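Student: If it helps, the file is called my_file16.tsv and holds TSV, C-alpha atoms and all ligand atoms:
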```
chain	number	residue	atom	x	y	z
A	701	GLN	CA	14.88	30.26	9.35
A	702	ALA	CA	16.67	26.89	9.01
A	703	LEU	CA	16.97	25.58	5.47
A	704	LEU	CA	16.21	22.06	6.76
A	705	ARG	CA	13.25	22.61	9.15
A	706	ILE	CA	13.26	20.31	12.19
A	707	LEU	CA	9.65	19.59	13.00
A	708	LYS	CA	8.22	18.49	16.33
A	709	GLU	CA	5.57	15.74	16.22
A	710	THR	CA	3.08	18.40	17.25
A	711	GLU	CA	3.83	20.51	14.16
A	712	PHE	CA	2.23	18.15	11.66
A	713	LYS	CA	-0.75	15.86	11.39
A	714	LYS	CA	-1.51	12.95	9.09
A	715	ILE	CA	-5.02	13.31	7.71
A	716	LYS	CA	-5.46	10.39	5.24
A	717	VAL	CA	-3.28	7.81	3.44
A	718	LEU	CA	-1.91	8.60	-0.03
A	719	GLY	CA	0.08	5.45	-0.84
A	720	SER	CA	1.93	2.52	0.69
A	721	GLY	CA	4.72	0.24	-0.48
A	722	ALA	CA	8.33	-0.78	0.04
A	723	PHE	CA	9.95	2.04	2.02
A	724	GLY	CA	6.82	3.01	3.98
A	725	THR	CA	3.56	4.95	3.96
A	726	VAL	CA	2.85	8.44	2.51
A	727	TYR	CA	0.03	10.53	4.09
A	728	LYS	CA	-1.68	13.73	3.13
A	729	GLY	CA	-1.65	16.13	6.05
A	730	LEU	CA	-1.07	19.57	7.42
A	731	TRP	CA	2.09	21.37	8.48
A	732	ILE	CA	1.19	23.72	11.34
A	733	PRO	CA	4.42	25.52	12.31
A	734	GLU	CA	4.34	26.39	16.01
A	735	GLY	CA	2.97	29.83	16.91
A	736	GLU	CA	2.86	30.88	13.24
A	737	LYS	CA	-0.93	30.36	13.03
A	738	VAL	CA	-0.84	28.93	9.45
A	739	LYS	CA	-1.84	25.53	7.96
A	740	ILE	CA	0.09	24.14	4.99
A	741	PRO	CA	-0.98	21.13	2.86
A	742	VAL	CA	1.85	18.63	2.81
A	743	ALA	CA	2.63	15.00	2.18
A	744	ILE	CA	4.24	13.04	5.03
A	745	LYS	CA	6.42	9.99	4.31
A	746	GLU	CA	7.04	7.76	7.29
A	747	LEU	CA	9.79	5.19	6.69
A	748	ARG	CA	9.14	1.55	7.57
A	749	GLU	CA	12.58	0.68	9.01
A	750	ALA	CA	13.36	1.89	12.55
A	751	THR	CA	16.01	4.57	13.13
A	752	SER	CA	18.60	4.96	15.90
A	753	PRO	CA	19.68	8.35	17.35
A	754	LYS	CA	23.26	7.49	16.26
A	755	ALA	CA	22.58	7.50	12.50
A	756	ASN	CA	20.55	10.74	12.98
A	757	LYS	CA	23.45	13.08	12.14
A	758	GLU	CA	24.16	11.07	8.98
A	759	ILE	CA	20.44	11.32	7.99
A	760	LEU	CA	20.40	15.06	8.81
A	761	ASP	CA	23.50	15.68	6.69
A	762	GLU	CA	21.88	13.80	3.82
A	763	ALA	CA	18.58	15.61	4.45
A	764	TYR	CA	20.26	19.01	4.33
A	765	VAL	CA	21.22	18.54	0.67
A	766	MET	CA	17.65	17.53	-0.12
A	767	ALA	CA	16.36	20.65	1.65
A	768	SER	CA	18.80	22.83	-0.36
A	769	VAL	CA	17.33	21.99	-3.78
A	770	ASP	CA	15.58	24.98	-5.32
A	771	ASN	CA	14.36	24.37	-8.85
A	772	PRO	CA	10.78	24.52	-10.18
A	773	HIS	CA	11.10	20.95	-11.53
A	774	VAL	CA	12.40	19.31	-8.33
A	775	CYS	CA	10.41	18.72	-5.06
A	776	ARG	CA	12.13	20.32	-2.08
A	777	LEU	CA	12.24	18.53	1.32
A	778	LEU	CA	10.41	20.98	3.61
A	779	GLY	CA	11.07	19.34	6.92
A	780	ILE	CA	12.02	16.26	8.84
A	781	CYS	CA	11.03	14.58	12.11
A	782	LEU	CA	13.35	12.00	13.66
A	783	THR	CA	12.03	9.87	16.52
A	784	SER	CA	11.61	6.08	16.54
A	785	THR	CA	10.91	6.66	12.85
A	786	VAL	CA	12.05	8.99	10.06
A	787	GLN	CA	9.30	11.24	8.77
A	788	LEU	CA	9.83	13.50	5.79
A	789	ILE	CA	7.57	16.43	4.92
A	790	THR	CA	7.06	17.95	1.47
A	791	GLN	CA	4.60	20.13	-0.45
A	792	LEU	CA	1.45	18.28	-1.42
A	793	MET	CA	1.45	17.79	-5.19
A	794	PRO	CA	-2.29	17.84	-5.72
A	795	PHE	CA	-2.51	15.72	-8.93
A	796	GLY	CA	-0.59	12.58	-7.73
A	797	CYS	CA	2.14	10.58	-9.53
A	798	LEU	CA	2.73	10.99	-13.25
A	799	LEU	CA	2.73	7.25	-13.92
A	800	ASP	CA	-0.87	7.00	-12.64
A	801	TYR	CA	-1.84	10.29	-14.34
A	802	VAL	CA	-0.88	9.17	-17.83
A	803	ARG	CA	-2.61	5.82	-17.38
A	804	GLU	CA	-5.76	7.64	-16.27
A	805	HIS	CA	-5.79	10.46	-18.84
A	806	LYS	CA	-4.37	8.59	-21.86
A	807	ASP	CA	-7.34	9.77	-24.01
A	808	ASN	CA	-6.78	13.51	-23.35
A	809	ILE	CA	-2.97	13.79	-23.39
A	810	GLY	CA	-1.56	15.54	-26.49
A	811	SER	CA	1.95	15.71	-27.96
A	812	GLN	CA	2.47	19.16	-26.44
A	813	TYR	CA	2.02	17.92	-22.85
A	814	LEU	CA	4.20	14.83	-23.33
A	815	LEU	CA	7.03	16.77	-24.77
A	816	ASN	CA	6.75	19.52	-22.13
A	817	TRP	CA	6.97	16.89	-19.37
A	818	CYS	CA	10.10	15.44	-20.99
A	819	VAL	CA	11.66	18.94	-20.92
A	820	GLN	CA	10.75	19.55	-17.29
A	821	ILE	CA	12.11	16.23	-16.10
A	822	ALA	CA	15.41	16.80	-17.95
A	823	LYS	CA	15.70	20.33	-16.46
A	824	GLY	CA	15.11	18.93	-12.95
A	825	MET	CA	17.67	16.14	-13.55
A	826	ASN	CA	20.18	18.66	-14.90
A	827	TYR	CA	19.73	20.70	-11.72
A	828	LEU	CA	20.47	17.65	-9.59
A	829	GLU	CA	23.60	17.00	-11.65
A	830	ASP	CA	24.64	20.64	-10.88
A	831	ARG	CA	24.17	19.75	-7.18
A	832	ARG	CA	26.21	16.55	-7.77
A	833	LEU	CA	23.24	14.47	-6.61
A	834	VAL	CA	22.71	11.20	-8.42
A	835	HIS	CA	19.00	10.30	-8.21
A	836	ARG	CA	19.45	6.49	-8.50
A	837	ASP	CA	15.70	5.90	-8.82
A	838	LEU	CA	14.21	7.99	-11.60
A	839	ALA	CA	10.97	6.49	-12.98
A	840	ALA	CA	7.53	7.83	-13.84
A	841	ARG	CA	6.35	6.62	-10.36
A	842	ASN	CA	8.80	9.16	-8.86
A	843	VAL	CA	7.60	12.12	-10.83
A	844	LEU	CA	4.73	14.18	-9.40
A	845	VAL	CA	2.12	16.33	-11.14
A	846	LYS	CA	1.78	19.78	-9.69
A	847	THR	CA	-0.63	20.94	-12.43
A	848	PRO	CA	-1.22	19.19	-15.73
A	849	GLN	CA	1.26	21.76	-17.16
A	850	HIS	CA	4.01	21.19	-14.56
A	851	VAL	CA	5.74	18.10	-13.19
A	852	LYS	CA	8.44	17.66	-10.57
A	853	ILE	CA	10.97	15.03	-9.68
A	854	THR	CA	10.87	13.48	-6.19
A	855	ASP	CA	12.31	10.58	-4.12
A	856	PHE	CA	16.03	11.42	-4.62
A	857	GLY	CA	18.57	11.36	-1.73
A	858	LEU	CA	18.95	8.98	1.26
A	859	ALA	CA	19.10	6.25	-1.39
A	860	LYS	CA	22.61	4.88	-0.71
A	861	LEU	CA	21.99	5.22	3.04
A	862	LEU	CA	18.45	3.80	3.10
A	875	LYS	CA	13.63	-3.81	-3.70
A	876	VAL	CA	15.90	-3.11	-6.70
A	877	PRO	CA	14.30	-1.24	-9.64
A	878	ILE	CA	16.20	-3.45	-12.12
A	879	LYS	CA	14.13	-2.59	-15.18
A	880	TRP	CA	15.00	1.14	-14.90
A	881	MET	CA	18.68	0.62	-14.08
A	882	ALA	CA	21.67	1.16	-16.42
A	883	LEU	CA	23.64	-2.02	-17.18
A	884	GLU	CA	26.66	-0.72	-15.26
A	885	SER	CA	24.53	-0.11	-12.16
A	886	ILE	CA	23.20	-3.71	-12.32
A	887	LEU	CA	26.61	-5.32	-12.95
A	888	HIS	CA	28.90	-3.13	-10.86
A	889	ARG	CA	26.74	-0.90	-8.65
A	890	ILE	CA	28.05	2.12	-10.60
A	891	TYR	CA	25.72	5.08	-10.29
A	892	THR	CA	26.44	8.42	-11.95
A	893	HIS	CA	24.59	11.11	-13.78
A	894	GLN	CA	24.94	9.03	-16.92
A	895	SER	CA	23.18	6.07	-15.26
A	896	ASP	CA	20.42	8.54	-14.41
A	897	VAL	CA	20.22	9.30	-18.16
A	898	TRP	CA	19.49	5.63	-18.77
A	899	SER	CA	16.62	5.76	-16.21
A	900	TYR	CA	15.43	8.98	-17.89
A	901	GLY	CA	15.09	7.12	-21.21
A	902	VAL	CA	12.95	4.38	-19.55
A	903	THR	CA	10.91	7.16	-17.89
A	904	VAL	CA	10.26	8.82	-21.26
A	905	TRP	CA	9.36	5.40	-22.68
A	906	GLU	CA	6.78	4.99	-19.84
A	907	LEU	CA	5.25	8.40	-20.68
A	908	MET	CA	5.14	7.77	-24.44
A	909	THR	CA	3.41	4.39	-23.94
A	910	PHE	CA	0.93	6.06	-21.53
A	911	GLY	CA	2.31	4.02	-18.62
A	912	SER	CA	3.23	0.54	-19.98
A	913	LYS	CA	5.38	-1.63	-17.73
A	914	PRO	CA	8.90	-1.91	-19.21
A	915	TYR	CA	9.96	-5.41	-20.42
A	916	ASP	CA	6.58	-6.87	-19.45
A	917	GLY	CA	6.81	-10.66	-19.09
A	918	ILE	CA	10.60	-10.70	-18.84
A	919	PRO	CA	11.72	-11.65	-15.31
A	920	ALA	CA	14.00	-9.16	-13.52
A	921	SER	CA	16.71	-11.86	-13.17
A	922	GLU	CA	17.14	-12.05	-16.99
A	923	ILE	CA	17.35	-8.28	-17.66
A	924	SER	CA	21.15	-8.01	-17.57
A	925	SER	CA	21.57	-10.77	-20.19
A	926	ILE	CA	18.89	-9.34	-22.50
A	927	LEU	CA	20.62	-5.90	-22.38
A	928	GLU	CA	24.03	-7.49	-23.14
A	929	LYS	CA	22.48	-9.20	-26.20
A	930	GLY	CA	21.39	-5.74	-27.40
A	931	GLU	CA	17.66	-5.98	-26.75
A	932	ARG	CA	15.90	-2.76	-25.66
A	933	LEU	CA	12.45	-1.38	-25.06
A	934	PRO	CA	10.41	-1.26	-28.29
A	935	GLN	CA	9.34	1.89	-30.16
A	936	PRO	CA	6.20	3.42	-28.62
A	937	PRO	CA	3.35	3.49	-31.19
A	938	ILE	CA	3.08	7.32	-31.01
A	939	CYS	CA	6.82	7.99	-31.41
A	940	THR	CA	8.48	9.06	-34.62
A	941	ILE	CA	11.95	7.67	-35.14
A	942	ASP	CA	13.49	11.03	-34.08
A	943	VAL	CA	12.03	10.66	-30.55
A	944	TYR	CA	12.69	6.93	-30.30
A	945	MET	CA	16.37	7.49	-31.21
A	946	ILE	CA	16.76	9.79	-28.21
A	947	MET	CA	15.50	7.00	-25.96
A	948	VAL	CA	17.71	4.44	-27.66
A	949	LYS	CA	20.76	6.69	-27.15
A	950	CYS	CA	20.03	6.85	-23.40
A	951	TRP	CA	20.50	3.11	-23.28
A	952	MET	CA	23.89	2.79	-24.93
A	953	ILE	CA	26.30	0.49	-23.11
A	954	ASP	CA	28.95	3.21	-23.20
A	955	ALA	CA	27.72	5.62	-20.49
A	956	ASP	CA	29.91	8.46	-21.81
A	957	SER	CA	28.18	8.21	-25.23
A	958	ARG	CA	24.68	8.77	-23.78
A	959	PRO	CA	23.10	12.25	-24.09
A	960	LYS	CA	23.71	14.62	-21.16
A	961	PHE	CA	20.71	16.18	-19.50
A	962	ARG	CA	21.75	19.61	-20.83
A	963	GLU	CA	21.64	18.16	-24.39
A	964	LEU	CA	18.27	16.50	-23.64
A	965	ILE	CA	16.79	19.85	-22.52
A	966	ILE	CA	17.82	21.33	-25.93
A	967	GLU	CA	16.51	18.46	-28.08
A	968	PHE	CA	13.15	18.06	-26.33
A	969	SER	CA	12.67	21.85	-26.17
A	970	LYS	CA	13.10	21.99	-29.96
A	971	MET	CA	10.53	19.18	-30.37
A	972	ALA	CA	8.18	21.03	-28.03
A	973	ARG	CA	8.05	24.01	-30.43
A	974	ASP	CA	6.59	21.73	-33.17
A	975	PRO	CA	5.07	18.79	-31.24
A	976	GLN	CA	2.97	17.13	-33.98
A	977	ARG	CA	6.08	16.69	-36.09
A	978	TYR	CA	7.59	14.33	-33.47
A	979	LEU	CA	4.64	12.48	-31.95
A	980	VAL	CA	1.73	11.12	-33.92
A	981	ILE	CA	-1.38	11.02	-31.74
A	982	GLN	CA	-4.83	10.55	-33.25
A	983	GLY	CA	-7.10	13.52	-32.42
A	984	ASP	CA	-4.16	15.46	-31.00
A	985	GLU	CA	-5.31	19.04	-31.70
A	986	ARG	CA	-8.49	18.62	-29.60
A	987	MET	CA	-7.01	17.28	-26.32
A	988	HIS	CA	-7.60	19.01	-22.96
A	989	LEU	CA	-6.68	18.15	-19.36
A	990	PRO	CA	-8.87	19.04	-16.33
A	991	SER	CA	-7.75	22.11	-14.36
A	992	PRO	CA	-7.32	22.22	-10.53
A	993	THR	CA	-10.86	23.68	-10.37
A	994	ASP	CA	-12.30	21.09	-12.81
A	995	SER	CA	-10.43	18.04	-11.49
A	996	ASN	CA	-11.85	15.41	-9.15
A	997	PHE	CA	-8.38	14.12	-8.24
A	998	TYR	CA	-7.62	17.64	-7.08
A	999	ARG	CA	-11.00	18.22	-5.34
A	1000	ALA	CA	-10.69	14.82	-3.56
A	1001	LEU	CA	-7.32	15.74	-2.08
A	1002	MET	CA	-8.55	19.21	-1.01
A	1003	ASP	CA	-12.31	19.22	-0.20
A	1004	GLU	CA	-11.75	17.43	3.12
A	1005	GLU	CA	-13.05	19.30	6.20
A	1006	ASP	CA	-9.58	19.57	7.76
A	1007	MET	CA	-8.23	21.04	4.50
A	1008	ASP	CA	-10.14	24.25	5.22
A	1009	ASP	CA	-8.19	27.50	5.80
A	1010	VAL	CA	-4.89	26.50	4.21
A	1011	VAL	CA	-1.86	28.30	2.71
A	1012	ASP	CA	0.16	26.85	-0.16
A	1013	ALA	CA	3.76	26.00	0.67
A	1014	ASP	CA	5.24	27.96	-2.26
A	1015	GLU	CA	3.37	30.99	-0.91
A	1016	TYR	CA	4.35	30.57	2.77
A	1017	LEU	CA	8.01	30.16	1.68
A	1018	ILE	CA	8.29	33.60	0.06
A	1019	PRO	CA	11.27	35.02	2.02
B	1101	LIG	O1	12.04	9.67	0.00
B	1101	LIG	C1	13.14	9.99	-0.47
B	1101	LIG	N1	13.55	11.27	-0.78
B	1101	LIG	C2	12.69	12.36	-0.82
B	1101	LIG	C3	13.02	13.47	-1.57
B	1101	LIG	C4	12.20	14.57	-1.64
B	1101	LIG	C5	11.01	14.57	-0.92
B	1101	LIG	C6	10.69	13.46	-0.17
B	1101	LIG	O2	9.51	13.43	0.55
B	1101	LIG	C7	8.44	12.92	-0.15
B	1101	LIG	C8	8.53	12.49	-1.47
B	1101	LIG	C9	7.39	12.03	-2.09
B	1101	LIG	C10	6.18	12.01	-1.42
B	1101	LIG	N2	4.99	11.58	-2.02
B	1101	LIG	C11	4.11	12.64	-2.39
B	1101	LIG	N3	4.48	13.92	-2.20
B	1101	LIG	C12	3.67	14.92	-2.57
B	1101	LIG	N4	2.46	14.84	-3.12
B	1101	LIG	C13	2.08	13.56	-3.31
B	1101	LIG	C14	0.87	13.09	-3.87
B	1101	LIG	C15	0.92	11.72	-3.87
B	1101	LIG	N5	2.13	11.36	-3.33
B	1101	LIG	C16	2.47	9.95	-3.16
B	1101	LIG	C17	3.13	9.36	-4.41
B	1101	LIG	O3	4.46	9.85	-4.34
B	1101	LIG	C18	5.22	9.28	-5.39
B	1101	LIG	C19	6.65	9.41	-4.95
B	1101	LIG	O4	6.87	8.47	-3.92
B	1101	LIG	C20	2.86	12.47	-2.97
B	1101	LIG	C21	6.12	12.44	-0.10
B	1101	LIG	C22	7.25	12.89	0.53
B	1101	LIG	CL1	7.24	13.45	2.17
B	1101	LIG	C23	11.51	12.36	-0.10
B	1101	LIG	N6	14.15	9.11	-0.73
B	1101	LIG	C24	14.04	7.72	-0.37
B	1101	LIG	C25	15.12	6.91	-1.06
B	1101	LIG	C26	14.95	5.44	-0.77
B	1101	LIG	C27	14.94	5.17	0.72
B	1101	LIG	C28	13.90	6.01	1.42
B	1101	LIG	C29	14.12	7.48	1.13
```
Can you dump the structure from the file as structure tokens?
Ligand SMILES: O=C(Nc1cccc(Oc2ccc(Nc3ncnc4ccn(CCOCCO)c34)cc2Cl)c1)NC1CCCCC1
Tutor:
Amino acid sequence: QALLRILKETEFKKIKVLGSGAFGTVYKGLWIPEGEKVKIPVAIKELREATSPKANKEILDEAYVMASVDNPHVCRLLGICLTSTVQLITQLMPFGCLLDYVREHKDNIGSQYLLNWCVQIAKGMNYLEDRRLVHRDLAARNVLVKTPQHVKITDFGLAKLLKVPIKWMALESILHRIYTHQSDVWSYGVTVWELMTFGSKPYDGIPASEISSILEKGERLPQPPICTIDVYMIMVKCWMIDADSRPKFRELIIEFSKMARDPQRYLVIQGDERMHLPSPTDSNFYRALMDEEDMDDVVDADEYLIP
């Protein structure tokens, strides 16, 4: 019944690799809770750096807060396994990361989807601010697609305890290692900019070492071709030097929700009205994650977790 489930090595299996980078490797696999006779599709993140049994209580305390998050726009930590390594277990998000998604589907993404994703991300970020949890690493690479209609924030927590994403960071975080919910708003603006450019790399060609001086001179990310000046001004406001003058996530939810009621007024996308995204049944990203032989008689995590 534990909110943070403590999993034995025997209670999960890594089936295939999903991704690999800085902090470690993510696998698609199955959660098979002991004696419960049920198989749950999960992702498994195994951290690169070794762990000691001493820091374990500090990791568990941090992990408890991550396991406590319950919002439809935030991924919940389902379980943890601490041995020589730290392994984290979460619900498999069967469409992958949003950064990749928008790059892939740039020809079938309408203004309605883009604006709805902005709303969902702000709602998730507002929920973390209610839990007094600064994300520190919001970016489109850390948002996951549950269905084309529904995205979720991931990769928050353990950050201060365990490469620097300079181009997403607020100026005060770069200069003084100040992180707050208002620095998260700055990263949210870069995130929205990534979505609206269908996954462009921010400040392409500018080296990370020069970013602080460019921001001090007043330079910012340019207006995405699809964005009206109403939408671009929201982004610009997220990057004000004065962190207290930036929008709050609560205010962002309101503004983007208004835009989402009349989407073609705020984004100009050629052929907008005719754009459709492949369903779970019609998707080959989805069917590639799920048509494996070992992904046979499974139960979705949201279902299993009905108390
Ligand atoms: O890790 C966290 N916190 C944290 C917070 C919550 C959960 C959580 O667990 C996971 C997070 C992400 C993923 N990945 C995926 N999950 C689901 N479906 C897919 C599909 C493709 N992927 C792969 C692409 O994922 C993109 C996101 O990386 C997926 C896997 C797990 Cl288990 C870790 N903080 C770190 C802070 C810095 C130091 C190290 C800890």
Student: Counting all atoms listed in the file, which residues sit no farther than 12 Å from the position (-0.9, 15.9, -31.3) in the file's frame? I'd like them as a PyMOL selection string.
Tutor: chain A and resi 807-815+938-939+971-972+974-988
Student: Around the point (23.0, 6.3, -15.0), in the coordinates given by the file, pick out the residues reaching within 12 Å, counting all atoms listed in the file, and return them as a PyMOL selection string.
Tutor: chain A and resi 825+829+833-838+880-886+888-902+950-961
Student: Set the distance at 10 Å and use all atoms listed in the file: which residues neighbour stretch 705-709 of chain A once local chain neighbours fewer than 2 positions away are removed? I'd like the list as an mmCIF file with C-alpha atoms, in the frame of the given file.
Tutor:
```cif
data_model
loop_
_atom_site.group_PDB
_atom_site.id
_atom_site.type_symbol
_atom_site.label_atom_id
_atom_site.label_comp_id
_atom_site.auth_asym_id
_atom_site.auth_seq_id
_atom_site.Cartn_x
_atom_site.Cartn_y
_atom_site.Cartn_z
ATOM 1 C CA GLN A 701 14.880 30.260 9.350
ATOM 2 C CA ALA A 702 16.670 26.890 9.010
ATOM 3 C CA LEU A 703 16.970 25.580 5.470
ATOM 4 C CA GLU A 711 3.830 20.510 14.160
ATOM 5 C CA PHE A 712 2.230 18.150 11.660
ATOM 6 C CA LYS A 713 -0.750 15.860 11.390
ATOM 7 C CA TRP A 731 2.090 21.370 8.480
ATOM 8 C CA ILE A 732 1.190 23.720 11.340
ATOM 9 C CA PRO A 733 4.420 25.520 12.310
ATOM 10 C CA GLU A 734 4.340 26.390 16.010
ATOM 11 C CA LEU A 760 20.400 15.060 8.810
ATOM 12 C CA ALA A 763 18.580 15.610 4.450
ATOM 13 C CA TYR A 764 20.260 19.010 4.330
ATOM 14 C CA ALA A 767 16.360 20.650 1.650
ATOM 15 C CA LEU A 777 12.240 18.530 1.320
ATOM 16 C CA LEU A 778 10.410 20.980 3.610
ATOM 17 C CA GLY A 779 11.070 19.340 6.920
ATOM 18 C CA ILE A 780 12.020 16.260 8.840
ATOM 19 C CA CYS A 781 11.030 14.580 12.110
ATOM 20 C CA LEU A 782 13.350 12.000 13.660
ATOM 21 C CA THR A 783 12.030 9.870 16.520
ATOM 22 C CA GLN A 787 9.300 11.240 8.770
ATOM 23 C CA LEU A 788 9.830 13.500 5.790
ATOM 24 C CA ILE A 789 7.570 16.430 4.920
#
```
Student: Using all atoms listed in the file, find each protein or nucleic acid residue lying at most 7 Å from ligand LIG 1101 (chain B); present the set as a ChimeraX atom specification.
Tutor: /A:718-719,723,726,742-745,747,766,775-777,788-797,841-844,854-859,862
Student: For the atom pair atom CA of residue A:851 and atom CA of residue A:1001, what is the interatomic distance in Å to one decimal place?
Tutor: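 About the pair atom CA of residue A:851 and atom CA of residue A:1001: they are 17.3 Å apart.
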Student: Which is closest to residue A:910 among A:878, A:966, A:1010, A:798, if we use all atoms listed in the file?
Tutor: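 Result for the nearest residue to residue A:910: A:798.
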Student: What does the distance from atom CA of residue A:715 to atom CA of residue A:992 come to in Å, to one decimal?
Tutor: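 A separation of 20.4 Å between them.
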Student: Could you give me, as JSON lines, a per-residue list for stretch 739-822 of chain A showing, wherever an atom lies at most 12 Å from an atom of stretch 913-918 of chain A, the closest pair of atoms and their distance in Å to one decimal, using all atoms listed in the file and sorting by chain then residue number from low to high?
Tutor:
```
{"residue": "A:799", "atom": "CA", "partner": "A:913", "partner_atom": "CA", "distance": 10.0}
{"residue": "A:800", "atom": "CA", "partner": "A:913", "partner_atom": "CA", "distance": 11.8}
{"residue": "A:803", "atom": "CA", "partner": "A:913", "partner_atom": "CA", "distance": 10.9}
```
Student: From the list A:852, A:748, A:831, A:728, which residue is nearest residue A:768 when using all atoms listed in the file?
Tutor: A:831
Student: Would you mind reading off the distance between atom CA of residue A:926 and atom CA of residue A:942, one decimal, in Å?
Tutor: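 That distance, rounded to one decimal, is 24.0 Å.
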Student: Measuring atom to atom with only C-alpha atoms, identify which of A:965, A:989, A:839, A:1013 is nearest to residue A:907.
Tutor: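 Using only C-alpha atoms, residue A:907 sits closest to A:839.
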Student: Step by step, gather every atom of stretch 860-885 of chain A that the file lists, find the box along x, y and z that holds them, add 5 Å on each side, and finally give centre and edge lengths in Å to one decimal, as JSON.
Tutor:
```
{"center_x": 20.1, "center_y": 0.7, "center_z": -7.0, "size_x": 23.0, "size_y": 19.0, "size_z": 30.3}
```
Student: Between A:948, A:821, A:1002, A:840, which is the closest to residue A:912 once you count only C-alpha atoms?
Tutor: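 For residue A:912, the nearest of the given residues is A:840.
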Student: Here is a test: counting all atoms listed in the file, which residue of A:911, A:991, A:1004, A:933 is nearest to residue A:804?
Tutor: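 Looking only at the distances to residue A:804, the closest residue turns out to be A:911.
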Student: Have a look at A:774, A:802, A:1000, A:920 and name the one nearest to residue A:877; count all atoms listed in the file.
Tutor: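 Using all atoms listed in the file, the shortest distance to residue A:877 belongs to A:920.
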